Structures are given as structure tokens and as C-alpha cells.
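Beneath this line is the structure, given in C-alpha cells, with notes to follow.
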Amino acid sequence: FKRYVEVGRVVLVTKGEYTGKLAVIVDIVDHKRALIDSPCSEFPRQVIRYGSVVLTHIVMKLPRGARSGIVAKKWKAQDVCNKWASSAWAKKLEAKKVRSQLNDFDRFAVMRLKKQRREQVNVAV
Amino acid sequence: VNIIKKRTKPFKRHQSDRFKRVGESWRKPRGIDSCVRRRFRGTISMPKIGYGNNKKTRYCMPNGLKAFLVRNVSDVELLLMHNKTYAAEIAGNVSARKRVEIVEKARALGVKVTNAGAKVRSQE
Amino acid sequence: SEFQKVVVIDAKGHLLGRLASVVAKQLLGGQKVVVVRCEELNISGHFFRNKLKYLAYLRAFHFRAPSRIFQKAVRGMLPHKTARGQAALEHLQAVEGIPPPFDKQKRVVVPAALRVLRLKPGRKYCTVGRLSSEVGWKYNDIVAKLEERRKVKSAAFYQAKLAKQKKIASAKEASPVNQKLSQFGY
Amino acid sequence: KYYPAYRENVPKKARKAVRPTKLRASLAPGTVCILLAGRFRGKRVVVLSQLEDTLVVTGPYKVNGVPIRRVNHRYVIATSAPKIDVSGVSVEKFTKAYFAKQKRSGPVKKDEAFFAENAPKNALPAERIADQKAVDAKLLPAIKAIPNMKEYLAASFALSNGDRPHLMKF
Amino acid sequence: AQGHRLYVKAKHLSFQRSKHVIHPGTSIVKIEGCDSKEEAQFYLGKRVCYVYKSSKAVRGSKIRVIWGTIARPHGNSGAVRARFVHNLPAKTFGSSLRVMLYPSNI
RNA sequence: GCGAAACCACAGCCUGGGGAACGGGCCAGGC
RNA sequence: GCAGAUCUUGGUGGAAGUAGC
RNA sequence: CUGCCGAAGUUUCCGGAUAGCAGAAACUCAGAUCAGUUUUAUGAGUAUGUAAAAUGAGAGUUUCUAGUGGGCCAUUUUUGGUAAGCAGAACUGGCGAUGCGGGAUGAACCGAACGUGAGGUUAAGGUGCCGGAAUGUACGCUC
């Protein structure tokens with residue numbers, strides 16, 4: 001495998017009011033629940049179930065049961081932010097988020113933009 | 001003021017469509033073991049006072065007027081003051097000699113006639 | 001969500017009851033549903049369990065083809081006694097394998113009926129076509145032979161499409177317009 | 001003929017006073033909005049001013065050919081496209097009577113057009129075109145200043161496959 | 001190509017019914033693309049129509065329309081309740097519908 | 001070629017369950 | 001004031017172009 | 001034809017005379033009484049009856065005058081039983097005069113008792129499909 005439920009793994013929340021946020025497992029309550037934390041201020045330390053999260057490939061060195069302050073310092077030290085963003089997963093998600101906000105005028109400018117890019121067809125020319 | 005009718009379908013006698021000997025006119029089912037009397041599901045409806053229509057709009061035609069049967073010119077003159085509430089209806093046995101004089105009189109009186117073009121032709 | 005005028009469903013790894021229920025509901029929605037690979041339908045439970053279930057049914061016409069087995073399950077989930085359920089059945093075409101008209105068409109799957117997403121790991125399941133092989137169906141061997149023949153041709157088309165796709169993909173970044181206004185997420 | 005001949009039940013004094021319509025927040029003048037119904041459905045137009053209930057709207061004549069017209073505010077989708085400078089064009093002439101249908105009149109005597117049906121025809125006066133020619137004069141530089149605005153208003157809005165109106169933002 | 005389609009595709013599912021009693025006055029309409037009752041709140045009050053054709057032509061047009069309006073959501077899966085000017089025929093179950101974007105509040 | 005009468009609520013495939021018979025009408029299945 | 005009374009009188013059907021002569 | 005009232009289906013003596021149930025009329029009363037009521041306390045033996053606080057409803061008559069004057073099921077109590085079941089009484093209501101939602105279906109089961117309708121919300125029961133409604137969430141058990 002590539003992903004295991006271990007202390008220090010970075011997980012992505014996919015259910016509830018914290019959907020789309022990033023968190024790192026701090027403690028293993030049980031095979032169905034785990035304690036997570038995030039350096040972001042709006043994300044508090046909480047116990048979440050594995051059904052509401054997906055494990056990313058990023059694993060970061062954390063002592064068991066670290067406090068939020070220590071986790072935030074370790075998160076900055078290990079440069080987890082912009083490392084997940086370097087993955088194509090985050091770029092796909094970020095592109096989807098930016099696409100959702102796009103209004104009608106931006107959509108119109110896109111169609112003209114992708115119309116110009118389409119006619120290139122410089123293959124075998 | 002709009003005329004509201006609680007029901008437009010008539011109340012047919014039960015089992016009147018299975019026999020020619022039993023007419024369509026409504027008869028109360030006296031049978032005790034009858035499903036129609038006990039008002040099961042799928043059984044037909046029965047005349048109840050709940051179906052009674054508004055008192056103000058009772059006897060009113062869809063145009064808002066109440067029919068008034070007229071047999072001669074003297075009858076139609078009674079509607080001089082009630083031409084916005086009543087419509088003249090010439091009786092079926094009134095001849096064409098009198099039907100024309102009722103229609104001409106009802107025209108000056110400003111009275112609607114429900115069957116003004118009956119048993120006559122026109123000549124412009 | 002969004003629908004199509006005609007739908008081609010790949011019945012490989014789909015549970016019989018779960019797929020039939022979704023298909024029957026879609027048929028009553030006016031959609032036209034075509035189910036291919038009906039002989040790879042899976043049913044939860046041991047192959048002994050379904051063999052006696054079918055053997056009990058053998059003890060009307062006892063159809064042996066896997067496509068007609070699936071149609072029977074779909075038929076029971078429709079008001080076939082009325083005209084509405086009669087018209088729904090005529091809008092379904094269950095076939096074994098992938099016939100040529102549906103060979104070159106997109107084949108969707110129903111995640112609510114997929115065996116992997118609905119069956120506990122390690123649970124014994126039986127394949128409808130494999131189960132029907134010992135009840136009277138005698139075309140399983142040839143149906144597999146065409147399936148591998150179709151797969152080889154399908155794989156060759158995919159390589160041609162993938163090789164062609166590499167050309168536009170390479171030229172996608174060649175055009176500066178892509179990088180110039182990629183701020184829209186595109 | 002004047003003393004009331006019937007009971008003539010006078011209506012009871014109603015207490016429904018007419019208060020001004022509250023338009024939406026996003027239906028401001030100068031907003032590029034999509035017409036939802038009518039003969040110009042799908043056309044994108046520029047809101048000049050808000051009438052008592054409707055929007056006095058127009059698409060530039062040379063862009064999409066939508067004359068100065070009234071549109072109901074419920075039959076308009078207000079897109080979030082950048083605003084257009086409309087403070088430079090006077091809109092006091094756009095009243096209820098300005099758009100009001102010309103009174104169906106004409107003392108036609110018996111026969112000729114009354115019977116022979118030699119009826120006359122209608123035509124828009126040059127006065128309406130004269131005011132119209134002014135508004136695009138004061139609006140075309142505004143739409144030309146920002147990019148794609150001239151091409152935006154020329155196109156007609158439409159829904160493609162997989163477009164969910166409730167989700168995607170206008 | 002690309003048509004106009006200033007509306008949203010929808011399907012007529014059934015009447016507002018219990019197990020054994022139907023109420024044709026209200027029809028259950030599935031606005032495809034709407035997946036929950038909260039999403040259905042956008043389409044409340046919109047004008048829905050049933051466009052069909054008849055062989056006999058009236059005013060040189062063979063297309064007839066029954067207009068309606070979406071009233072309220074039905075269930076947790078985004079199906080809505082619609083009342084039409086004429087009750088929709090029972091044979092139009094599974095038939096398509098058009099949900100306009102007007103009246104609009106966006 | 002000449003020619004009845006009895007009889008006639010209406011009908012007419014099964015399988016079960018349907019407590020009161022229920023099968024011929026009812027409910028779930030086949031036809 | 002009728003749908004019944006193996007109701008009364010009259011007319012008329014399916015059985016039937018059958019049984020049959 | 002419509003509308004409004006509307007039982008009883010049984011005490012008791014014995015085919016009955018009563019009574020009860022349901023109406024009519026005349027009376028006197030709301031500062032008068034009454035209750036398939038709950039209490040308080042007196043006593044008596046957790047209950048019991050009696051007497052006097054809460055709650056609700058205006059109450060008490062007198063006269064004569066139609067119908068009923070079978071039961072079924074269910075609940076509880078029951079005495080003996082006795083292959084085991086059951087039988088026997090009694091206690092109490094429902095149906096019998098009563099449609100409606102559910103219960104696959106069904107007269108006794110779960111809700112609910114009915115003018116004609118629009119809208120809303122629920123009960124019982126339900127939300128894979130037939131079938132209106134989550135192929136909902138969170139735990140487990142079961143092959």
C-alpha cells in the first residue's frame with residue numbers, strides 16, 4: 001500500500017463543515033475514529049471518523065499526542081504547505097474551486113479564449 | 001362576483017347504467033347491505049346538503065343572471081328594474097308571433113333573452 | 001442527475017438486484033436502457049446457494065440465458081400488468097457480451113450496484129453467466145471467445161486514441177494562450 | 001339617467017395604498033443582464049434606468065439590435081459583468097407614457113377602410129430613433145473601453161449540457 | 001450545433017399519491033440536475049411547461065403547451081411538486097418537461 | 001325445405017393466501 | 001310516484017337455424 | 001327527495017306489567033344543583049365507604065309515548081380443570097347503527113370516528129423496485 005492510518009499523516013476532510021480543509025492525524029482513538037489538527041486558525045483540534053476524510057500521500061514526522069502549538073510549528077518546519085499544493089491533486093481541486101466562482105462574463109471570456117487556443121492544431125504542419 | 005359550483009356532474013341512481021328499467025333519476029339506496037349507502041371507497045357519491053351552492057349565487061346562470069320565464073310582453077316588462085339580475089326566458093309553447101314581440105320589447109328594456117333567436121329567421 | 005436518451009450499461013461486477021432496481025426505476029422514467037455483458041453479472045452468496053435457488057425455479061418457461069435472467073429480475077420490479085409497466089419493458093435491451101452497435105458507444109456503470117462498493121471483502125459471490133453455464137446455457141465458451149476478440153480490437157483503438165491524444169496534449173502547452181490566461185482554472 | 005337605478009352596493013373603502021416597488025440589489029443601472037422571455041430571449045442588454053416596476057433596458061443597436069425597451073424585472077437575469085457608464089445619458093424621457101402603446105383611434109367613416117379594408121399601417125417615428133441614436137453614442141465608448149464587452153453583448157446566452165443554473169454563478 | 005435552450009430539462013414522474021389514492025391536482029416533477037431539497041429551493045416558483053404536439057393544427061401550429069408553476073420540494077432527492085393550469089394526463093408519466101428560469105430572483 | 005323447448009343477474013385460465021364460502025369477481029404471481 | 005312480489009298482461013331476445021322432422 | 005333527532009339489543013320481577021334507554025309538553029330554577037371526576041379528612045377494615053376542596057357543566061323535575069326486551073368478538077377476572085388443549089361463569093367495553101389511513105390481502109389488530117372544497121401539518125405505518133418518501137447517518141450483531 002501507500003497510505004496507512006499512522007500518526008503524522010496528512011488527511012483531507014471530505015465531509016461535514018470542514019470539507020476541503022487539510023489536517024494531520026495526531027492520535028488514533030480507534031479503527032473508526034481519529035484525532036486530527038491543523039495549523040490554520042479556523043480549523044480546531046477535533047476527533048473525526050475515517051469516513052469523513054481521505055488520506056493524502058504526505059507523511060510528516062510527529063510525536064504522538066502533540067498539542068496544536070507543537071503541530072503548527074512542526075507543520076511550518078516540515079514545509080507541508082505548498083508541498084501538498086505541488087501535487088496535481090491540489091491543483092485539480094484548486095482549479096475546480098476557482099472554476100466554481102467563475103461568473104458569466106468570465107465564462108464568456110473563457111469560450112473566446114479556448115476558441116483561439118483550439119484553432120492552433122499545429123500537429124503535422 | 002364569480003359563480004362557484006361545488007359540483008357539475010349530476011348524481012345518478014346506483015346501478016342505473018346496468019339496467020334500462022332503472023332510470024338515472026336519483027333514488028336513495030334503502031338496502032342495508034348496499035356498499036353505496038354505507039359509502040365505501042370507490043362507491044359513487046350521494047346528494048348531501050354540503051354540496052349546496054352559495055345562497056347569493058344560487059339559481060344564477062354562468063353569465064351571472066337568474067332565469068325568468070316569460071309567456072308574453074307583460075311578463076318581460078316586469079324586469080324593467082331587474083335587468084341586471086334577471087334574464088328573460090321565453091317559454092317553449094309561446095308562438096313565433098309573440099316571440100318576436102317579446103324580443104323587440106326586451107331590447108328596449110335592456111333585458112337579456114336566453115333564447116331570443118328561436119323559431120325565427122332574420123332579414124337585414 | 002443528468003440523463004441521456006439511450007444509456008449503455010456495462011454489467012461487469014454489478015449486483016443483480018441492485019442493478020435491476022436502478023434500471024427498473026430508470027425505465028419508468030422514460031429512459032431507454034441497454035445493458036451489455038449480462039453474463040458477468042454478480043450475485044451475492046455462494047454459487048451453491050444460487051444453484052439451488054435456480055434449481056428450485058426449474059422444479060412457465062425457465063429461460064437459461066443470462067440476459068433473460070436479468071430481464072426477469074427487471075420485469076418483477078415493474079407494473080407489467082398495466083400498460084405503463086408494459087412500455088417500460090420494451091425500452092430495455094439486455095444482451096450478453098457487447099454487440100457491435102453498442103461496441104463503439106460509451107458504457108456507464110452504476111456505483112450503487114457495483115459489487116466492490118457494496119459487498120464485504122472476502123464474501124463469496126457467483127457470476128450469472130458462470131452460474132447459468134450449468135443450467136442449460138451452452139454459449140459461454142463462444143461468448144468469451146468473441147469478448148477477447150473485441151478486447152484486442154478495443155485496446156488497439158485506445159492506443160490509437162491515446163497516441164493521437166498525445167499530439168494535442170503536447171501542443172496544449174505549446175500555445176502561449178494556455179499559460180497567459182490560465183487564471184480561470186483552465 | 002343619473003339617479004342610481006339599482007341598489008349599487010358601493011365597494012367598501014379599501015386600505016391598499018400604492019407604495020414604490022423595491023427592485024433587487026443587483027438590478028442597478030448599467031448592469032449587463034440576460035433577457036429571459038420575449039422575442040429577444042437570450043440577448044444580453046444594458047440597463048439604462050429602473051421604471052416604476054420594470055427596467056428601461058436596451059442593447060446597443062449596432063451590437064445586438066435590441067431597441068430601447070421595457071422588461072419586467074422578474075424576466076431578467078442580472079449578470080455580474082462589469083458595470084457600464086450610464087450617468088452620461090439622460091433617461092428622464094423614458095416614462096410610462098413614452099413606452100405606452102399609441103391609442104387605438106381614428107374616426108374611420110363607413111365604407112372605404114371600414115368595409116373595403118384599405119387600412120393604414122404603423123411605423124416607428126424618427127423621434128424614437130433620434131433618441132436611440134443618442135444612447136449608443138453615449139454608451140459605445142463605455143463598452144469599448146473594457147475588453148470583450150462589445151463581443152459579450154453581441155452573443156446570446158444559452159444553456160449547454162451539464163449546466164446547473166442553481167449551482168453555477170451568473 | 002448549439003440550440004437556444006433557455007430552460008432546464010425535467011421529467012414527469014407521478015402524481016402526489018399515497019399507496020392506493022392518487023391526487024392528479026399536484027404532479028411530482030424531477031428537475032434533472034437538482035439532487036436535494038435545498039437545491040430545489042432555487043426552482044420554486046419557476047414556470048414549468050409540458051410541450052407536446054397534436055396532428056390537427058391550430059393557427060398553423062401543431063405544438064400545444066400546458067403551463068404550470070413549481071410549488072414546493074418533494075422528498076430529499078430534489079423532486080418538486082408542480083401544479084399545472086390543466087392537470088397533466090396520466091399518460092405523460094416519464095415524459096419530458098421544460099422548467100424556465102423566470103420568474104427570476106438572481 | 002320446414003323448424004322447437006328447457007334454461008338465462010353477469011360472467012368464464014390457473015396458483016396460493018385471503019379468517020365469514022371465498023373462487024367467478026378480491027390481494028400478490030404466472031399465463 | 002315501483003326494479004323486485006318463482007308479481008299480472010303484452011311485446012321481444014340469447015339458447016338456435018340448435019334439438020330435430 | 002332532502003334535513004334534523006336517534007336508540008336498545010336488558011336490570012328486575014315474571015307471554016307480559018315495570019324499569020332503563022330515546023323524545024314531547026307543562027312547570028322551577030343559573031344566588032341550583034349536578035358528575036362512569038380527582039381529592040382532603042373522619043372513621044372503619046395498599047384499598048374501602050362516608051362527610052366536607054379542586055375541576056367541569058346551568059340543574060331538578062312532573063306527566064305520556066315510539067322502538068328495543070339477540071348476540072359475536074375482545075379485555076380482565078376467574079373455578080375446576082386435564083393426555084394437553086379446554087370448559088365454566090362473572091367483569092368491562094368495541095362492533096352490532098360506522099365509512100376512513102395502515103396491516104400483501106382479511107370483520108375484529110394498529111391509528112382515526114365522516115357536510116362540500118383549497119392550502120398546511122401529522123397519526124398508525126413506512127422510504128431498494130413494484131410505491132408516495134434517505135440505495136440516510138453512526139455503531140454492532142448475521143453467512
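Residue names in the C-alpha cells use chain letters A, B, ... in the order shown, residue numbers from 1 in each chain, and ligand numbers from 1 in the order shown.
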Surrounding residues of residue 29 of chain F excluding itself and chain neighbours under 4 positions, 12 Å, only C-alpha atoms (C1' of nucleotides), as a PyMOL selection string: (chain C and resi 60+76+80-81) or (chain F and resi 14-17) or (chain H and resi 104)
Expected file: the selected residues, C-alpha atoms (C1' of nucleotides), as a PDB file, in the first residue's frame:
ATOM      1  CA  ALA C  60     -43.780 -21.383 -17.237  1.00  0.00           C
ATOM      2  CA  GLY C  76     -40.597  -8.241 -11.450  1.00  0.00           C
ATOM      3  CA  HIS C  80     -46.149  -5.307 -16.008  1.00  0.00           C
ATOM      4  CA  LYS C  81     -49.880  -5.951 -15.581  1.00  0.00           C
TER       5      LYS C  81
ATOM      6  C1'   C F  14     -54.781 -21.417 -13.024  1.00  0.00           C
ATOM      7  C1'   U F  15     -51.636 -20.903  -8.278  1.00  0.00           C
ATOM      8  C1'   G F  16     -51.668 -19.753  -3.446  1.00  0.00           C
ATOM      9  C1'   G F  17     -53.290 -16.640   0.613  1.00  0.00           C
TER      10        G F  17
ATOM     11  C1'   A H 104     -49.699  -8.004   0.943  1.00  0.00           C
TER      12        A H 104
END
Might you pull out every residue within 10 Å of segment 2-13 of chain G, with only C-alpha atoms (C1' of nucleotides) counted and same-chain residues fewer than 4 positions away left off, and present them as a list in words?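 Here the answer would be residues 19, 20, 21, 22 and 23 of chain B.
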Export C-alpha atoms of the chosen residues as a JSON list (two decimals), in the first residue's frame?
[["chain", "number", "residue", "atom", "x", "y", "z"],
["B", 19, "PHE", "CA", -80.40, -1.77, -16.39],
["B", 20, "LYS", "CA", -82.69, 0.15, -18.72],
["B", 21, "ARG", "CA", -85.59, -0.46, -16.32],
["B", 22, "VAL", "CA", -83.81, 1.62, -13.65],
["B", 23, "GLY", "CA", -83.76, 5.30, -14.53]]
Strand (DSSP E or B) residues, from DSSP on the backbone, in chain A, as a PyMOL selection string: chain A and resi 9-13+22-27+33-37+46-49+53-59
Using Å and a single decimal, report how far atom CA of residue 34 of chain C sits from atom CA of residue 101 of chain C. 11.0 Å
Sel. of alpha helix (DSSP H) residues, chain B, as a PDB file with N, CA and C atoms, in the first residue's frame:
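Contents of result.pdb, freshly written:
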ATOM      1  N   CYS B  35     -73.220  -1.270  -0.583  1.00  0.00           N
ATOM      2  CA  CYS B  35     -71.961  -0.555  -0.409  1.00  0.00           C
ATOM      3  C   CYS B  35     -72.116   0.933  -0.687  1.00  0.00           C
ATOM      4  N   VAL B  36     -73.063   1.306  -1.549  1.00  0.00           N
ATOM      5  CA  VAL B  36     -73.261   2.714  -1.875  1.00  0.00           C
ATOM      6  C   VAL B  36     -73.848   3.466  -0.687  1.00  0.00           C
ATOM      7  N   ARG B  37     -74.792   2.849   0.026  1.00  0.00           N
ATOM      8  CA  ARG B  37     -75.383   3.507   1.187  1.00  0.00           C
ATOM      9  C   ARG B  37     -74.351   3.725   2.287  1.00  0.00           C
ATOM     10  N   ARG B  38     -73.510   2.724   2.544  1.00  0.00           N
ATOM     11  CA  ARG B  38     -72.506   2.834   3.594  1.00  0.00           C
ATOM     12  C   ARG B  38     -71.293   3.651   3.168  1.00  0.00           C
ATOM     13  N   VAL B  73     -95.578  39.769 -23.486  1.00  0.00           N
ATOM     14  CA  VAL B  73     -94.869  41.031 -23.306  1.00  0.00           C
ATOM     15  C   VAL B  73     -95.046  41.549 -21.887  1.00  0.00           C
ATOM     16  N   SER B  74     -96.204  41.299 -21.277  1.00  0.00           N
ATOM     17  CA  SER B  74     -96.447  41.772 -19.921  1.00  0.00           C
ATOM     18  C   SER B  74     -95.455  41.185 -18.927  1.00  0.00           C
ATOM     19  N   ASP B  75     -95.047  39.930 -19.122  1.00  0.00           N
ATOM     20  CA  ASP B  75     -94.059  39.331 -18.233  1.00  0.00           C
ATOM     21  C   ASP B  75     -92.708  40.021 -18.354  1.00  0.00           C
ATOM     22  N   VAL B  76     -92.286  40.340 -19.578  1.00  0.00           N
ATOM     23  CA  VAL B  76     -90.961  40.913 -19.766  1.00  0.00           C
ATOM     24  C   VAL B  76     -90.880  42.341 -19.248  1.00  0.00           C
ATOM     25  N   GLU B  77     -92.005  43.054 -19.170  1.00  0.00           N
ATOM     26  CA  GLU B  77     -91.986  44.418 -18.654  1.00  0.00           C
ATOM     27  C   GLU B  77     -91.732  44.467 -17.156  1.00  0.00           C
ATOM     28  N   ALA B  96     -94.258  31.953 -32.508  1.00  0.00           N
ATOM     29  CA  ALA B  96     -93.300  32.852 -33.131  1.00  0.00           C
ATOM     30  C   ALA B  96     -93.869  34.246 -33.351  1.00  0.00           C
ATOM     31  N   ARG B  97     -95.194  34.387 -33.375  1.00  0.00           N
ATOM     32  CA  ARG B  97     -95.795  35.713 -33.441  1.00  0.00           C
ATOM     33  C   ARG B  97     -95.492  36.516 -32.183  1.00  0.00           C
ATOM     34  N   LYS B  98     -95.504  35.861 -31.025  1.00  0.00           N
ATOM     35  CA  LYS B  98     -95.223  36.528 -29.765  1.00  0.00           C
ATOM     36  C   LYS B  98     -93.749  36.524 -29.401  1.00  0.00           C
ATOM     37  N   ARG B  99     -92.987  35.537 -29.866  1.00  0.00           N
ATOM     38  CA  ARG B  99     -91.558  35.521 -29.585  1.00  0.00           C
ATOM     39  C   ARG B  99     -90.871  36.745 -30.170  1.00  0.00           C
ATOM     40  N   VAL B 100     -91.307  37.190 -31.350  1.00  0.00           N
ATOM     41  CA  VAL B 100     -90.682  38.357 -31.965  1.00  0.00           C
ATOM     42  C   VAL B 100     -91.031  39.623 -31.191  1.00  0.00           C
ATOM     43  N   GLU B 101     -92.270  39.735 -30.708  1.00  0.00           N
ATOM     44  CA  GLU B 101     -92.656  40.944 -29.990  1.00  0.00           C
ATOM     45  C   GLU B 101     -92.050  40.985 -28.594  1.00  0.00           C
ATOM     46  N   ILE B 102     -91.775  39.822 -28.001  1.00  0.00           N
ATOM     47  CA  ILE B 102     -91.084  39.789 -26.717  1.00  0.00           C
ATOM     48  C   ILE B 102     -89.636  40.221 -26.887  1.00  0.00           C
ATOM     49  N   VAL B 103     -88.993  39.774 -27.966  1.00  0.00           N
ATOM     50  CA  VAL B 103     -87.586  40.085 -28.194  1.00  0.00           C
ATOM     51  C   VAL B 103     -87.402  41.566 -28.509  1.00  0.00           C
ATOM     52  N   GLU B 104     -88.306  42.145 -29.300  1.00  0.00           N
ATOM     53  CA  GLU B 104     -88.224  43.576 -29.575  1.00  0.00           C
ATOM     54  C   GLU B 104     -88.502  44.403 -28.329  1.00  0.00           C
ATOM     55  N   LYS B 105     -89.463  43.980 -27.507  1.00  0.00           N
ATOM     56  CA  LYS B 105     -89.727  44.693 -26.261  1.00  0.00           C
ATOM     57  C   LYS B 105     -88.567  44.552 -25.290  1.00  0.00           C
ATOM     58  N   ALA B 106     -88.006  43.348 -25.175  1.00  0.00           N
ATOM     59  CA  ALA B 106     -86.879  43.135 -24.280  1.00  0.00           C
ATOM     60  C   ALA B 106     -85.638  43.885 -24.732  1.00  0.00           C
ATOM     61  N   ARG B 107     -85.571  44.270 -26.005  1.00  0.00           N
ATOM     62  CA  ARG B 107     -84.429  45.032 -26.489  1.00  0.00           C
ATOM     63  C   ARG B 107     -84.450  46.460 -25.959  1.00  0.00           C
ATOM     64  N   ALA B 108     -85.615  47.110 -25.991  1.00  0.00           N
ATOM     65  CA  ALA B 108     -85.728  48.465 -25.463  1.00  0.00           C
ATOM     66  C   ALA B 108     -85.598  48.491 -23.948  1.00  0.00           C
TER      67      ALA B 108
END
If I take atom CA of residue 20 of chain A and atom CA of residue 43 of chain A, how far is one from the other in Å, to one decimal?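 According to the coordinates, atom CA of residue 20 of chain A and atom CA of residue 43 of chain A are separated by 11.3 Å.
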Set the cut-off to 12 Å and count only C-alpha atoms (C1' of nucleotides): what are the residues of chain H that reach chain A? Output as a VMD selection string. chain H and resid 137 to 139
For the selection just defined, write its residues with C-alpha atoms (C1' of nucleotides) to a file, as a PDB file, in the first residue's frame.
ATOM      1  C1'   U H 137     -26.010   8.916   9.117  1.00  0.00           C
ATOM      2  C1'   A H 138     -23.471   6.403  13.368  1.00  0.00           C
ATOM      3  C1'   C H 139     -22.346   1.857  15.731  1.00  0.00           C
TER       4        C H 139
END
Which residues of chain C have any atom within 8 Å of an atom in chain H when counting only C-alpha atoms (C1' of nucleotides), and what is the closest pair of atoms for each, with the distance in Å to one decimal? Order the rows by chain and rising number and write it as a Markdown table.
| residue | atom | partner | partner_atom | distance |
| --- | --- | --- | --- | --- |
| C:18 | CA | H:128 | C1' | 7.2 |
| C:20 | CA | H:129 | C1' | 7.9 |
| C:21 | CA | H:129 | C1' | 4.8 |
| C:22 | CA | H:129 | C1' | 7.5 |
| C:24 | CA | H:129 | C1' | 6.5 |
| C:25 | CA | H:129 | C1' | 6.5 |
| C:76 | CA | H:130 | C1' | 7.2 |
| C:77 | CA | H:129 | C1' | 4.7 |
| C:78 | CA | H:130 | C1' | 5.2 |
| C:79 | CA | H:130 | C1' | 5.9 |
| C:112 | CA | H:135 | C1' | 6.3 |
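Nearest residue to chain D, choosing from E:17, E:23, E:46, E:30 and counting only C-alpha atoms: E:46.
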Tell me which protein, DNA and RNA residues are within 12 Å of residue 70 of chain E, counting only C-alpha atoms (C1' of nucleotides), leaving out same-chain ones fewer than 3 positions away, and put them as a VMD selection string. chain E and resid 10 26 to 31 40 to 49 67 73 to 74 79 to 85 97 to 103
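For residue 14 of chain G, the list of residues within 12 Å, based on only C-alpha atoms (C1' of nucleotides) and with local chain neighbours fewer than 2 positions off taken out, reads residues 7 and 8 of chain F; 12 and 16 of chain G.
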Mind dumping the selected residues with C-alpha atoms (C1' of nucleotides) as a PDB file, in the first residue's frame?
ATOM      1  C1'   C F   7     -82.743 -22.769 -19.187  1.00  0.00           C
ATOM      2  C1'   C F   8     -80.901 -17.423 -18.954  1.00  0.00           C
TER       3        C F   8
ATOM      4  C1'   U G  12     -89.177  -9.376 -27.549  1.00  0.00           C
ATOM      5  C1'   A G  16     -80.600 -21.539 -32.482  1.00  0.00           C
TER       6        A G  16
END
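The list of residues with at least one atom within 7 Å of residue 127 of chain C, based on only C-alpha atoms (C1' of nucleotides) and without residues fewer than 2 positions apart in the same chain, reads residues 40, 41, 42, 43, 125, 129, 130 and 131 of chain C.
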Could you name the residues that touch residue 63 of chain E at 7 Å or less, counting only C-alpha atoms (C1' of nucleotides), but leaving out those on the same chain fewer than 2 positions away, as a list in words?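 Near residue 63 of chain E, the qualifying residues are residues 51, 52, 53, 54, 61 and 65 of chain E.
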Segment 52-66 of chain A environment, 9 Å, only C-alpha atoms (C1' of nucleotides), sequence neighbours closer than 5 positions dropped, as a ChimeraX atom specification: /A:2-16,19,24-28,35,71,74-75,78,80,83-84
Interface residues on chain B facing chain D, 12 Å, only C-alpha atoms, written as a JSON list (two decimals) with C-alpha atoms, in the first residue's frame:
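Once written, part-v6.json looks like this:
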[["chain", "number", "residue", "atom", "x", "y", "z"],
["B", 80, "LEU", "CA", -87.63, 46.92, -16.03],
["B", 81, "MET", "CA", -85.88, 47.41, -12.68],
["B", 82, "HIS", "CA", -84.23, 43.96, -12.53],
["B", 83, "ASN", "CA", -82.49, 43.80, -15.90],
["B", 84, "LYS", "CA", -79.03, 43.44, -14.32],
["B", 85, "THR", "CA", -80.14, 40.48, -12.18]]
Using only C-alpha atoms, I'd like every residue of chain C that has an atom within 12 Å of chain A; please write them out as an MDAnalysis selection string. chainID C and resid 164:186
